[PDB]
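To start, the structure under review is shown below, and the notes come after it.
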Amino acid sequence: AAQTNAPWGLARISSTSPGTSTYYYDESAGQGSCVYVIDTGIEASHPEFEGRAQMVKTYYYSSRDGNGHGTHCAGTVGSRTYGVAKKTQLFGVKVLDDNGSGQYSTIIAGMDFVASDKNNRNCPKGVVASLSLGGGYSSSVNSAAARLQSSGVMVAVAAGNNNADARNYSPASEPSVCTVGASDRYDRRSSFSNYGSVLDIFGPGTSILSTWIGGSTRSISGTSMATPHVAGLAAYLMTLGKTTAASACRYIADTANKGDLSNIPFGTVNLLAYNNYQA
Ligand SMILES: [Ca+2]
Ligand SMILES: [Ca+2]
């Protein structure tokens with residue numbers, strides 16, 4: 001399948017070189033897989049989700065996404081026009097309030113919830129959890145991310161937007177999950193992207209067009225935008241049967257475009273998420 005005039009990020013993950021505008025992908029498009037977007041919620045009624053999204057848990061008064069961040073991330077994971085895995089099932093877990101913030105205790109609760117909830121969902125091809133959030137280092141938060149990963153869920157987390165070593169942030173610093181850095185359309189590490197030995201892979205994160213609340217669209221930047229690209233790619237590869245939740249991160253790194261990125265500090269991997277699609 002091919003989406004012409006696609007958002008640059010989608011085009012980039014299906015190309016060995018920057019500058020293309022077509023997103024090449026397999027028609028399976030992640031169907032059969034499930035991706036939990038642990039964020040500010042998802043505007044499930046957005047036409048772009050085609051009824052494939054639904055709120056499953058909220059830690060606040062409402063399950064509505066009154067911020068937009070979660071809806072944007074969910075959109076990059078699997079909205080029709082802006083998503084990587086256009087046929088995946090999206091589950092929203094609102095651990096962040098409408099201002100985009102949340103305490104570690106509920107973020108941890110949200111992760112433990114997904115580890116359990118997946119047991120009563122029909123996700124034949126696998127379960128992915130996309131966490132475009134984080135804060136200062138916390139062994140408890142890292143432990144929660146490790147538990148979720150250990151439970152059989154492919155956990156993708158944002159590296160952080162502090163242009164610093166991700167070792168000081170959580171859950172970014174948990175070695176067992178998939179920590180995602182951001183790049184821009186010219187293959188440069190995004191100026192705000194964290195780096196370091198703990199990063200596993202890079203994904204498009206600058207000027208990413210996706211869904212927004214109120215049935216709209218918006219372009220924003222952040223490792224928060226790069227994360228859903230790899231979470232969606234994982235769901236996509238899993239329904240394709242190329243990898244499993246336990247080894248998806250390693251598989252993505254093994255098959256990534258290598259050495260394409262500029263301004264990558266020594267010690268940080270120079271790997272860019274790539275779907276290796278060939279028609
Ligand atoms: Ca290249
Ligand atoms: Ca890792």
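Residue numbering restarts at 1 for every chain of the structure tokens, chains are lettered A, B, ... in their displayed order, and ligands are numbered from 1 as they appear.
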Next item on the list: Return as number ranges by chain the full set of residues in segment 7-49 of chain A whose backbone-based DSSP assignment is strand (DSSP E or B).
Entry: A: 23-24, 33-39
Write the selection just made, keeping C-alpha atoms, as a short mmCIF file (atom, residue, chain, number, x, y, z; two decimals), in the first residue's frame?
```
data_model
loop_
_atom_site.label_atom_id
_atom_site.label_comp_id
_atom_site.auth_asym_id
_atom_site.auth_seq_id
_atom_site.Cartn_x
_atom_site.Cartn_y
_atom_site.Cartn_z
CA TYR A 23 4.40 6.24 2.94
CA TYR A 24 4.85 2.65 1.79
CA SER A 33 -2.73 -5.80 17.38
CA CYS A 34 -3.61 -3.43 20.19
CA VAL A 35 -1.88 -0.28 21.31
CA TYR A 36 -2.59 1.26 24.67
CA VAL A 37 -1.93 4.98 24.57
CA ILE A 38 -1.25 5.97 28.19
CA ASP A 39 -1.64 9.73 28.01
#
```
Margin query: Excluding segment 269-273 of chain A and its own-chain neighbours fewer than 6 positions away, which residues fall within 7 Å of it when counting only C-alpha atoms? Please give them as an MDAnalysis selection string.
Written below: chainID A and resid 13 199:203 230 252:253 256:261
Written file, previous selection with C-alpha atoms, as a PDB file, in the first residue's frame:
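Saved file selection.pdb follows:
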```
ATOM      1  CA  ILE A  13      10.002   5.415   8.280  1.00  0.00           C
ATOM      2  CA  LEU A 199      18.325   5.312  23.899  1.00  0.00           C
ATOM      3  CA  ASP A 200      17.393   2.405  21.671  1.00  0.00           C
ATOM      4  CA  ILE A 201      16.144   4.098  18.561  1.00  0.00           C
ATOM      5  CA  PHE A 202      15.147   7.382  16.928  1.00  0.00           C
ATOM      6  CA  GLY A 203      11.885   8.254  15.213  1.00  0.00           C
ATOM      7  CA  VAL A 230       7.880   3.295  16.940  1.00  0.00           C
ATOM      8  CA  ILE A 252      13.551  -2.408  15.227  1.00  0.00           C
ATOM      9  CA  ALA A 253      17.125  -1.424  16.150  1.00  0.00           C
ATOM     10  CA  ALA A 256      16.902   0.470  11.459  1.00  0.00           C
ATOM     11  CA  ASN A 257      18.533   2.851   9.011  1.00  0.00           C
ATOM     12  CA  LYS A 258      22.062   3.158  10.441  1.00  0.00           C
ATOM     13  CA  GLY A 259      24.283   6.240  10.469  1.00  0.00           C
ATOM     14  CA  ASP A 260      21.819   8.525   8.668  1.00  0.00           C
ATOM     15  CA  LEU A 261      21.399  10.952  11.519  1.00  0.00           C
TER      16      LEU A 261
END
```
Notebook entry, point to check: Looking at only C-alpha atoms and all ligand atoms, which of A:26, A:174, A:254, A:187 is the one that sits closest to ligand 2?
Noted result: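 Nearest to ligand 2: A:174.
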Hey, could you make a per-residue contact list for chain A against ligand 2 with 8 Å as the cut-off, showing the nearest pair of atoms and its distance in Å to one decimal, counting only C-alpha atoms and all ligand atoms, sorted by chain and number, as JSON lines?
```
{"residue": "A:174", "atom": "CA", "partner": "ligand 2", "partner_atom_place_in_ligand_line": "1 (Ca)", "distance": 6.8}
{"residue": "A:175", "atom": "CA", "partner": "ligand 2", "partner_atom_place_in_ligand_line": "1 (Ca)", "distance": 4.2}
{"residue": "A:176", "atom": "CA", "partner": "ligand 2", "partner_atom_place_in_ligand_line": "1 (Ca)", "distance": 4.8}
{"residue": "A:177", "atom": "CA", "partner": "ligand 2", "partner_atom_place_in_ligand_line": "1 (Ca)", "distance": 4.7}
{"residue": "A:178", "atom": "CA", "partner": "ligand 2", "partner_atom_place_in_ligand_line": "1 (Ca)", "distance": 4.5}
{"residue": "A:179", "atom": "CA", "partner": "ligand 2", "partner_atom_place_in_ligand_line": "1 (Ca)", "distance": 5.6}
{"residue": "A:198", "atom": "CA", "partner": "ligand 2", "partner_atom_place_in_ligand_line": "1 (Ca)", "distance": 6.0}
{"residue": "A:199", "atom": "CA", "partner": "ligand 2", "partner_atom_place_in_ligand_line": "1 (Ca)", "distance": 6.4}
{"residue": "A:200", "atom": "CA", "partner": "ligand 2", "partner_atom_place_in_ligand_line": "1 (Ca)", "distance": 5.3}
{"residue": "A:249", "atom": "CA", "partner": "ligand 2", "partner_atom_place_in_ligand_line": "1 (Ca)", "distance": 7.3}
```
Next item on the list: For each of A:231, A:16, A:83, A:6, take the minimum atom-to-atom distance to ligand 1, counting only C-alpha atoms and all ligand atoms, then give the residue where this is smallest.
Entry: A:16
Note to self: Which residues are close to residue 186 of chain A, i.e. within 10 Å by only C-alpha atoms, leaving aside same-chain residues fewer than 3 positions away? Reply as number ranges by chain.
What the structure shows: A: 12, 17-19, 183, 189-190, 206, 260-262
May I have the selected residues written with C-alpha atoms, as a compact mmCIF listing (two decimals), in the first residue's frame?
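What ended up in result.txt:
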```txt
# COMPACT_ATOMS: atom_id res chain seq x y z
CA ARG A 12 10.62 8.69 6.45
CA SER A 17 16.56 8.36 2.57
CA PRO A 18 15.02 11.66 3.70
CA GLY A 19 12.97 13.90 1.44
CA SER A 183 14.74 13.42 14.57
CA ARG A 189 18.63 14.75 15.91
CA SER A 190 15.78 17.03 16.97
CA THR A 206 9.80 17.41 14.66
CA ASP A 260 21.82 8.52 8.67
CA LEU A 261 21.40 10.95 11.52
CA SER A 262 23.57 13.99 12.14
```
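With only C-alpha atoms as the basis for measurement, A:225 is the residue among A:56, A:225, A:240, A:172 that approaches residue 210 of chain A most closely.
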Check: Between A:15, A:255, A:207, A:163, which is the closest to ligand 1 once you count only C-alpha atoms and all ligand atoms?
Finding: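 Between A:15, A:255, A:207, A:163, the residue approaching ligand 1 most closely is A:15.
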Margin query: Need to verify the contact set: segment 60-73 of chain A, 7 Å, only C-alpha atoms, exclusion of same-chain residues closer than 3 positions in sequence. Can you return it as a list in words?
Written below: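 The contact residues come out as residues 39, 40, 41, 42, 43, 55, 76, 77, 94, 97, 98, 99, 100, 210, 211, 212, 213, 225 and 228 of chain A.
Using only C-alpha atoms, the residues found no farther than 12 Å from residue 167 of chain A, other than those of its own chain fewer than 4 positions away, are residues 134, 135, 136, 137, 138, 139, 142, 159, 160, 162, 163, 171, 172, 173, 174, 175, 179, 194, 195, 196, 197, 198, 199 and 268 of chain A.
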Notebook entry, point to check: Separation of atom CA of residue 78 of chain A and atom CA of residue 90 of chain A, in Å?
Noted result: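 Taking atom CA of residue 78 of chain A and atom CA of residue 90 of chain A, their separation equals 7.4 Å.
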Check: What is the distance between atom CA of residue 129 of chain A and atom CA of residue 155 of chain A, in Å to one decimal?
Finding: 4.9 Å
Next item on the list: Write down as a PyMOL selection string the residues of segment 94-279 of chain A whose backbone DSSP state falls under alpha helix (DSSP H).
Entry: chain A and resi 104-117+139-150+223-239+248-254
If you keep C-alpha atoms, can you produce a file of those selected residues as a PDB file, in the first residue's frame?
```
ATOM      1  CA  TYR A 104       3.864   9.102  39.296  1.00  0.00           C
ATOM      2  CA  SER A 105       1.497   7.063  41.452  1.00  0.00           C
ATOM      3  CA  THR A 106      -1.321   7.190  38.898  1.00  0.00           C
ATOM      4  CA  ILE A 107       1.101   6.797  35.988  1.00  0.00           C
ATOM      5  CA  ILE A 108       2.357   3.640  37.716  1.00  0.00           C
ATOM      6  CA  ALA A 109      -1.236   2.551  38.388  1.00  0.00           C
ATOM      7  CA  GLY A 110      -1.983   3.058  34.698  1.00  0.00           C
ATOM      8  CA  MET A 111       0.890   0.788  33.685  1.00  0.00           C
ATOM      9  CA  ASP A 112      -0.123  -1.917  36.166  1.00  0.00           C
ATOM     10  CA  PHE A 113      -3.658  -1.553  34.832  1.00  0.00           C
ATOM     11  CA  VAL A 114      -2.597  -2.220  31.240  1.00  0.00           C
ATOM     12  CA  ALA A 115      -0.606  -5.282  32.329  1.00  0.00           C
ATOM     13  CA  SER A 116      -3.847  -6.710  33.712  1.00  0.00           C
ATOM     14  CA  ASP A 117      -6.419  -5.298  31.293  1.00  0.00           C
ATOM     15  CA  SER A 139      13.123   3.723  40.438  1.00  0.00           C
ATOM     16  CA  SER A 140       9.429   3.038  41.087  1.00  0.00           C
ATOM     17  CA  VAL A 141       8.359   4.364  37.690  1.00  0.00           C
ATOM     18  CA  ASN A 142      11.154   2.436  35.976  1.00  0.00           C
ATOM     19  CA  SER A 143      10.095  -0.684  37.860  1.00  0.00           C
ATOM     20  CA  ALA A 144       6.506  -0.219  36.678  1.00  0.00           C
ATOM     21  CA  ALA A 145       7.672   0.110  33.071  1.00  0.00           C
ATOM     22  CA  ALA A 146       9.827  -2.994  33.534  1.00  0.00           C
ATOM     23  CA  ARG A 147       6.838  -4.900  34.930  1.00  0.00           C
ATOM     24  CA  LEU A 148       4.641  -3.908  32.001  1.00  0.00           C
ATOM     25  CA  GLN A 149       7.332  -5.024  29.548  1.00  0.00           C
ATOM     26  CA  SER A 150       7.832  -8.248  31.515  1.00  0.00           C
ATOM     27  CA  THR A 223       9.986  12.859  21.583  1.00  0.00           C
ATOM     28  CA  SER A 224       6.303  12.414  22.474  1.00  0.00           C
ATOM     29  CA  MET A 225       5.676  12.386  18.709  1.00  0.00           C
ATOM     30  CA  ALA A 226       8.569  10.061  17.938  1.00  0.00           C
ATOM     31  CA  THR A 227       7.422   7.443  20.446  1.00  0.00           C
ATOM     32  CA  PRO A 228       4.080   6.637  18.763  1.00  0.00           C
ATOM     33  CA  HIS A 229       5.917   6.219  15.459  1.00  0.00           C
ATOM     34  CA  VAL A 230       7.880   3.295  16.940  1.00  0.00           C
ATOM     35  CA  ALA A 231       4.909   2.039  18.979  1.00  0.00           C
ATOM     36  CA  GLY A 232       2.906   1.958  15.766  1.00  0.00           C
ATOM     37  CA  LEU A 233       5.815   0.394  13.904  1.00  0.00           C
ATOM     38  CA  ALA A 234       6.021  -2.300  16.597  1.00  0.00           C
ATOM     39  CA  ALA A 235       2.295  -3.075  16.274  1.00  0.00           C
ATOM     40  CA  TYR A 236       2.758  -3.153  12.506  1.00  0.00           C
ATOM     41  CA  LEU A 237       5.735  -5.542  12.666  1.00  0.00           C
ATOM     42  CA  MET A 238       4.017  -7.736  15.227  1.00  0.00           C
ATOM     43  CA  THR A 239       0.895  -8.316  13.138  1.00  0.00           C
ATOM     44  CA  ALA A 248      10.388  -5.809  19.063  1.00  0.00           C
ATOM     45  CA  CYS A 249      12.700  -3.056  20.263  1.00  0.00           C
ATOM     46  CA  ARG A 250      15.805  -5.075  19.446  1.00  0.00           C
ATOM     47  CA  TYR A 251      14.319  -6.026  16.084  1.00  0.00           C
ATOM     48  CA  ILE A 252      13.551  -2.408  15.227  1.00  0.00           C
ATOM     49  CA  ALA A 253      17.125  -1.424  16.150  1.00  0.00           C
ATOM     50  CA  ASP A 254      18.582  -4.326  14.151  1.00  0.00           C
TER      51      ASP A 254
END
```
Notebook entry, point to check: Taking into account only C-alpha atoms, which residue in the set A:265, A:51, A:222, A:7 is nearest to residue 182 of chain A?
Noted result: A:222
Margin query: One number please: atom CA of residue 27 of chain A to atom CA of residue 86 of chain A, in Å, one decimal.
Written below: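 Between these atoms lies a distance of 8.7 Å.
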Check: When distances are computed from only C-alpha atoms, which of A:1, A:10, A:133, A:74 shows the smallest separation from residue 170 of chain A?
Finding: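 Of A:1, A:10, A:133, A:74, the one nearest residue 170 of chain A, counting only C-alpha atoms, is A:133.
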